[PDB]
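Chains as they are written, first to last, in PDB author numbering: chain A, -4 to 231; chain A', -4 to 231; chain B, 591 to 595; chain B', 591 to 595. A prime marks a further copy of an entry chain.
Quick notes on the structure that follows.
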Amino acid sequence: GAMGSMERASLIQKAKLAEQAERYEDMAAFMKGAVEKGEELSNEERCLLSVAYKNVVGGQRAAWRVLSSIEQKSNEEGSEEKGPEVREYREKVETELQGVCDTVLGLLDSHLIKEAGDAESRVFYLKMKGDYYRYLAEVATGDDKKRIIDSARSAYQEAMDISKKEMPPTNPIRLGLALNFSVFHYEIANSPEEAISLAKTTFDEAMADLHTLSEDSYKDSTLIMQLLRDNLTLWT
Amino acid sequence: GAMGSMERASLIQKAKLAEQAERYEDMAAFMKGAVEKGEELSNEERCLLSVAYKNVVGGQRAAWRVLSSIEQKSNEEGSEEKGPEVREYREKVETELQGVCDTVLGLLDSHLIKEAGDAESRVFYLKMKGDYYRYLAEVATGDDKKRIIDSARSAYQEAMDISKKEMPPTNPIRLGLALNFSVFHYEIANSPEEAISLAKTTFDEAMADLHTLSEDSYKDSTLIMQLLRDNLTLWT
Amino acid sequence: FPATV
Amino acid sequence: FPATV
Ligand SMILES: Cc1ccc(OC(C)(C)C(=O)NCCS)cc1
Ligand SMILES: Cc1ccc(OC(C)(C)C(=O)NCCS)cc1
Ligand SMILES: [Mg+2]
Ligand SMILES: [Mg+2]
Ligand SMILES: [Mg+2]
Ligand SMILES: [Mg+2]
Ligand SMILES: [Mg+2]
Ligand SMILES: [Mg+2]
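Structure follows, in structure tokens:
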């Protein structure tokens, strides 16, 4: 690793600086170096890792969608043949996205998940595993497409099972997991009814538990609850 | 060059796709490959080259400013010592910025400028040369700082001399050159009076020539004239 | 696109 | 920052 010679604490400090500078590729490389030191991550450090890669892959996905749209239009009836360039460049972006997802999944498998015993860490990492398989699924077309979808489903389902046993229904990680597993059902698994049921049940069970929270916890939980409602509004 | 095996026209097509996808690093690498084919650039291709690198270096400069601000604060009286990390990461970003500027200046010197005979190409490239020396000047602190400032000044001045002889006062390239040379005077050369005089004279001489233009040319010229007025408002 | 976190 | 193009 090009980060092997840098102190763990200095990698963490630089990831925070890269975030303030909106340099998310650097942020991700610093956090990859920190993970590769081999020690478990704290709650704040897991946040830095997830923010960095979410921003990197989010930009890649937005670019891939622009390029896929152009490519689909070029394959319509009456379109002038522009040659292989649109497909090639969509493939270039796709391969770079797949590379980032494989990197994150590699960090989770070697060895973040196996050392994560507390619900707050284990659910967070298994949600991330479902998220990055989901991004692989968004671009998948080959023999392994169903297996990529099932890998996402399996990781999300293990996270859900732990979160229901070990976390209150307002826990922001539990809420965000349910938000994203619901989007998996709607966009990836062609299961809009399951997506809507999960978002609604998650919202209602959180609502009933808000009374237990402090003002600051209430703010955190209701922010994610509003994202569930936003999706329900989009889908109904 | 990693782009040596790709057709010039396919590099240009992919630069346009990268622009639509907001993938400006890719856009710049595609345009570097196109320049390295050795043929002169058309007006549209010069625009693609300048848009790509302006966006790449603009992001670098914004990150450098965030980091420099943090570093300056850490060097104030009463600040807790955070170690070398802020300086190191500011240096990392700075070195990457300098690398991009050297790449652009290299394309201009080998061999865009020497083959550019028409005013519209030669002024555009000499403005770019002044711009990228100016970005080097923004971060310069060493023995060569005055020489970097003078390189920017010299390129801008040659561009101004050609533009005054060969272009109408409303030409958008002439206007943009004057806009940026005025910013050079204000920010880099510590000459705010020269910056204000140049912006005002450029604005007034363009105003007097608007009557010669079509509606579309008028729209192009007045857009840049408004940037001159915006700067004058900021400075007065 | 729908919201995820 | 001031405007440039
Ligand atoms: C799984 C998950 C649950 C809640 C989150 O909360 C928001 C979106 C407010 C956030 O930006 N947190 C910092 C990054 S950990 C994020 C991720
Ligand atoms: C030297 C210069 C003069 C005018 C320009 O016009 C605007 C800013 C409207 C533009 O985006 N043009 C396309 C990129 S060439 C740009 C550069
Ligand atoms: Mg150590
Ligand atoms: Mg592929
Ligand atoms: Mg159920
Ligand atoms: Mg050829
Ligand atoms: Mg330096
Ligand atoms: Mg004068």
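Virtual Cβ for every residue (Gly too), placed ideally from N, Cα, C.
Report the neighbours of residue i on chain B: residues whose CB is nearer than 7 angstroms to its CB, in chain order.
{"i": "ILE219(A)", "result": "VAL595"}
{"i": "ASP225(A)", "result": "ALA593"}
{"i": "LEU174(A)", "result": "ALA593, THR594, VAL595"}
{"i": "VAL178(A)", "result": "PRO592, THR594"}
For residue i, which residues in chain B fall below 9 angstroms Cβ to Cβ?
{"i": "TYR181(A)", "result": "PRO592"}
List, in order along the chain, the chain B residues whose C-beta lies closer than 8 angstroms to that of residue i?
{"i": "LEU229(A)", "result": "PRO592"}
{"i": "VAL46(A)", "result": "Ordered by position in chain B, no residue passes the 8 angstroms Cβ test against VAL46(A), which lies about 10 angstroms from the chain."}
Is the CB-CB distance between residue i and residue j below 9 angstroms?
{"i": "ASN175(A)", "j": "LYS122(A)", "result": "yes"}
{"i": "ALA29(A)", "j": "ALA10(A)", "result": "yes"}
{"i": "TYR127(A)", "j": "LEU170(A)", "result": "no"}
{"i": "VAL118(A)", "j": "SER158(A)", "result": "yes"}
{"i": "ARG56(A)", "j": "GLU153(A)", "result": "no"}
{"i": "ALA135(A)", "j": "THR165(A)", "result": "no"}
{"i": "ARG129(A)", "j": "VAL178(A)", "result": "yes"}
{"i": "residue 270(A')", "j": "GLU86(A)", "result": "As shown, chain A' starts at -4 and ends at 231. That puts residue 270(A') outside it, with no answer to give."}
{"i": "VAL595(B')", "j": "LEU222(A')", "result": "yes"}
{"i": "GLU17(A')", "j": "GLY54(A)", "result": "yes"}
{"i": "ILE143(A')", "j": "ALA184(A')", "result": "no"}
{"i": "residue 290(A)", "j": "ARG3(A)", "result": "With chain A running from -4 to 231 in the structure shown, residue 290(A) is simply not present."}
{"i": "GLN8(A)", "j": "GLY78(A')", "result": "yes"}
{"i": "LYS27(A)", "j": "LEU102(A)", "result": "yes"}
{"i": "residue 232(A)", "j": "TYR84(A')", "result": "Missing from the structure shown is residue 232(A); chain A here goes from -4 to 231 and no further."}
Could you name the residues of chain A that residue i contacts, counting a contact when the two beta carbons are closer than 9 angstroms?
{"i": "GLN8(A')", "result": "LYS77, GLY78, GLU80, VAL81, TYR84"}
{"i": "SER0(A')", "result": "Near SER0(A') there are no residues of chain A at all, since even the closest Cβ is about 12 angstroms away, more than 9 angstroms."}
Which whole-angstrom value is the C-beta distance of residue i and residue j, which I expect to be below 8 angstroms?
{"i": "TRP230(A)", "j": "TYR181(A)", "result": "7 angstroms"}
{"i": "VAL95(A')", "j": "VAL51(A')", "result": "6 angstroms"}
{"i": "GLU31(A')", "j": "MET(-2)(A')", "result": "7 angstroms"}
{"i": "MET155(A)", "j": "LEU172(A)", "result": "6 angstroms"}
{"i": "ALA114(A')", "j": "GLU161(A')", "result": "4 angstroms"}
{"i": "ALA593(B')", "j": "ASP225(A')", "result": "5 angstroms"}
{"i": "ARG82(A)", "j": "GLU71(A)", "result": "So it is not a contact: roughly 14 angstroms between Cβ atoms."}
{"i": "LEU227(A')", "j": "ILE191(A')", "result": "7 angstroms"}
Please list, in chain order, the chain A' residues whose beta carbon lies closer than 7 angstroms to that of residue i.
{"i": "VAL61(A)", "result": "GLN15, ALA16"}
Since residue i meets chain A', which of its residues come closer than 8 angstroms, beta carbon to beta carbon?
{"i": "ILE65(A)", "result": "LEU12, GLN15"}
{"i": "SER74(A)", "result": "Near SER74(A) there are no residues of chain A' at all, since even the closest Cβ is about 15 angstroms away, more than 8 angstroms."}
Taking residue i as the query, report the chain B' residues whose CB atoms sit under 9 angstroms from its CB, ordered along the chain.
{"i": "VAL88(A')", "result": "Per Cβ cutoff of 9 angstroms: no residues; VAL88(A') is ~17 angstroms from chain B' at best."}
{"i": "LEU222(A')", "result": "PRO592, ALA593, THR594, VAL595"}
{"i": "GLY171(A')", "result": "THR594, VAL595"}
Show which residues of chain A' have a CB atom less than 9 angstroms away from the CB atom of residue i.
{"i": "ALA23(A)", "result": "In chain order: nothing, as chain A' lies at least about 14 angstroms away."}
{"i": "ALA(-3)(A)", "result": "Near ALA(-3)(A) there are no residues of chain A' at all, since even the closest Cβ is about 12 angstroms away, more than 9 angstroms."}
Strictly below 7 angstroms CB to CB, what residues from chain A border residue i?
{"i": "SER69(A')", "result": "Near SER69(A') there are no residues of chain A at all, since even the closest Cβ is about 11 angstroms away, more than 7 angstroms."}
Which residues of chain A have a Cβ atom closer than 8 angstroms to the Cβ of residue i, listed in chain order?
{"i": "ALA29(A')", "result": "Chain A residues near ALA29(A'): none, gap ~13 angstroms exceeds 8 angstroms."}
* To do: Taking 8 angstroms as the threshold, find out whether the stretch 31 to 46 of chain A comes into contact with the stretch 110 to 121 of chain A through three or more Cβ pairs.
  => yes
* Asked: Where the beta carbon is closer than 5 angstroms to any heavy atom of ligand 1, which residues qualify, in chain order?
  -> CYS42(A), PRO167(A), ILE168(A), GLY171(A), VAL595(B)
* Contact between the stretch 209 to 216 of chain A and the stretch 44 to 60 of chain A (3+ Cβ pairs under 8 angstroms) -> no
* Asked: Between the stretch 183 to 201 of chain A and the stretch 199 to 213 of chain A', do three or more beta carbon pairs fall short of 8 angstroms?
  -> no
* List in chain order the residues whose CB is within less than 6 angstroms of at least one heavy atom of ligand 3. => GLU2(A), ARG3(A)
* Residue list, Cβ distance to ligand 5 heavy atoms smaller than 7 angstroms -> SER192(A), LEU193(A), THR196(A)
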